Structure formats: C-alpha cells, structure tokens
C-alpha cells in the first residue's frame, strides 16, 4: 500500500565514485557525447538500463585522455549507473 520515498530514482553518473570525469573542450564530455549517441541510436527500442550499459562500454573503450601534461595523460573512465527504479523504462509506447 506504500512505496519507499527513495524508489523510482535513476542516477546516471558520468564516472565512478571518487574519480575525475573527462570533458573534451571541442567535442564535449565523454559521457554526454556517448549518452546522446546511444539514446539517438537505441531509444526507439532498448530499455534504459541496456542503453546506459552501452554508454558504459562506449566511454570505457572509445576514450582515453590525451594531454601535454603527463600527469593527465592516457587516463580512462567508466560511468556509474545507480538505479532505484522498480520497472523497465522505454522512451516510447506501443499504441
């Protein structure tokens, strides 16, 4: 007859707890670039968690930092999906 007040929230973090998140001055952030790309390609079919999983793979495999400062060079990033959702989420509906 009641549901948790914290239920039905989805926090799509660009990076894992404690880590930096990367942004390219020309192309935008790695996470947002990938999120928009996966949403554009799969929002008409895949459930949200599966779209976000592809975002995780895209950011993890297609990106690596490049910097003249060796300290910030050759770094990687993995997003962090945090779900308190109670149902599957599709950005479309079957009339």
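Positions refer to the first chain, counted from 1.
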21-29 versus 79-87 - which carries the larger mean C-alpha B factor in the record: 21-29
B-factor third for the C-alpha atom of residue 34 within its chain: middle
Residue 60 CA temperature factor, ranked by third within the chain: middle
Residue 11 by Cα B-factor - lowest, middle or highest third of the modelled chain: lowest
